[PDB]
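Okay, so here's just one chain, in structure tokens, the form deposited in one PDB entry.
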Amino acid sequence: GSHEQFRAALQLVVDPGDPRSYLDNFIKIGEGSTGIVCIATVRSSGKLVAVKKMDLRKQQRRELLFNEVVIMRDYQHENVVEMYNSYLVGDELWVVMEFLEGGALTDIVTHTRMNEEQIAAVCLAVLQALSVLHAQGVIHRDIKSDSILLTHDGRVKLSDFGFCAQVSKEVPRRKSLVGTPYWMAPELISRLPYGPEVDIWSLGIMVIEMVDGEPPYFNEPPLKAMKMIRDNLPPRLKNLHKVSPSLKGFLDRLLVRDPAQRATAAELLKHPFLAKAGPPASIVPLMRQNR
């Protein structure tokens, strides 16, 4: 009864019909927790799209799917991966979305060194997106390099809202333990009521990735690392010598243990460091098929 109850709930928010009628040439490009992600062609237009397929009978939290679809059901931002449609195909949920030909940022931080112009460009894009997302009570809860996709001309788009949540004037905070261990904020790990600020911290951790090539305590087990993040002071850049005072000053506004003292997206947009940010063309040489 439980599973069949969820299907019925989906059918009230997903578009009716079988998308297999107009989609062709599926090619897998990703996998992991939720399900598999493929790209496919639309037969009517010849356009390329990306299709995320999530089996309902394989989710640790089946309700997190509903959240994602009803909350992003055609939200529209220049710096967010646009959703086109959602479908219920058998026991699977299909989310049809924009195809980002540039790939994920993870590929860039593990193979090259980004300069501060390129780091500031990424940050600027993420902040502009988060400022609006937070302004409407939406928390990503999984900001990291995997959640940052690129275009061919190097335009940054925030992706993977599989963990996102909605807060309101009535319910201004969340409680559930959600995200990736290494990028988690301390107030979130310590099992405390948290707000949108948990993304600013994770953004901070992602900045470390762009400099060190990996987040703090990445050598440790997930559980042990979380305990370290919980008890310890803010983490230190292994390549502190490589970063400018401007960046270091910027980063110090992100990795503040007290969520109240930690900066917000709207504030950070006015930081002098973001003036270093360059055009989307500057990201281009970093991409795999250019380097």
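Residue numbers here begin at 1 and follow the sequence given. Superpose the two forms; the largest set of C-alphas matching within 1.5 Å is the rigid core.
- Core superposition of the other structures onto this form places the C-alphas of 7 to 15 farther off in 7 other deposited structures of this protein than those of the other stretch among 264 to 272 and 7 to 15.
- Taking the root mean square of CA deviations in 7 other deposited structures of this protein after fitting on the rigid core, 165 to 173 and 67 to 75 differ, and the farther of the two is 67 to 75.
- Looking at mean Cα B-factors across 70 to 78 and 159 to 167, the upper value is held by 70 to 78.
- Look at the mean CA B-factor for 42 to 50 and for 256 to 264 in the entry; the higher one is 256 to 264.
- Which of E209, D146, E116, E220 has the largest Cα B-factor in the deposited entry comes down to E220.
- Per-chain ranking of the deposited C-alpha B factor places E187 in the highest third.
- Sort the modelled residues of the chain by CA B factor and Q128 lands in the middle third.
- Per-chain ranking of the deposited C-alpha B factor places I36 in the middle third.
- Remark: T110 belongs to the lowest third of its chain, ranked by C-alpha B-factor as recorded.
- For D91, the recorded CA temperature factor ranks within the highest third of the chain's modelled residues.
Missing here is the form solved in complex with a partner chain; even so, the following discussion is about that form.
- Taking the partner from elsewhere, no residue among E187, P234 and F250 has a non-hydrogen atom within 4.5 angstroms of the partner chain in the entry with it bound.
- Put simply, of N115, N79, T151, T106 only one has a heavy atom within 4.5 Å of the partner chain in the entry with it bound, and it is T106.
- The stretch from 117 to 125, 71 to 79, 92 to 100, 215 to 223 that comes within 4.5 Å of the partner chain in the entry with it bound, counting heavy atoms only, is 215 to 223.
- Heavy atoms of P196 never reach within 4.5 Å of the partner chain in the entry with it bound, leaving it off the interface.
- By the criterion of a heavy atom within 4.5 Å, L177 is counted among the residues contacting the partner chain in the entry with it bound.
- Although the partner is absent from this view, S145 contacts the partner chain in the entry with it bound, with a non-hydrogen atom inside 4.5 angstroms.
- At the 4.5 Å threshold, heavy atoms of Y87 stay clear of the partner chain in the entry with it bound, well away from it.
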